[PDB]
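Asks: need the 3D shape of this:
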Amino acid sequence: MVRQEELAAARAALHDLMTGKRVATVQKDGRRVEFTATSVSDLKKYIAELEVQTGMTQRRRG
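Replies: Numbering: from 1, shown residues only. Below you will find the coordinate block:
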């Protein structure tokens, strides 16, 4: 699925933030945003939100 790919991307970011590079780019909704290690916690919560969304077969709207 597409979300599966968007996950490997935000993940490749956790590796780019622990290697020293503080600024990182992320494609979200066709819109780019630059988070710095200053807010690496929100990235941890966002990822988790995807593991819960890939649980149910979506079914339909919320």
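
Asks: which parts of the lengthiest helix in the chain are buried?
Replies: Counting by DSSP state H, the longest helix found in the chain is helix 2-18. Neighbour-count burial for helix 2-18, with 16 or more other C-beta atoms under 10 Å as criterion, is recorded at 10, 13, 17. No exception for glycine: its C-beta is placed from N, CA and C like everyone else's.

Asks: ok, stretch 25-36 next?
Replies: Burial within stretch 25-36, assessed by neighbour count using 16+ other C-beta under 10 Å, is assigned to 26, 35.

Asks: just to revisit the earlier point, ok, then the element right after the longest helix of the chain?
Replies: Per DSSP states H and E, helix 2-18 leads on to strand 24-28 as the next helix or strand towards the C-terminus.

Asks: list the strands paired with whatever helix or strand comes next after that following strand, with their directions.
Replies: Per DSSP H and E, strand 24-28 leads on to strand 31-35 as the next helix or strand towards the C-terminus. Listed by DSSP bridges, the sheet partners of strand 31-35 and their directions read strand 24-28 (antiparallel).

Asks: now do the partner strand against helix 2-18, angle only.
Replies: Our comparison of strand 24-28 with helix 2-18, counting by axes from the mean of the first three to the mean of the last three C-alpha atoms, to 10 degrees, yields an angle of 170 degrees.
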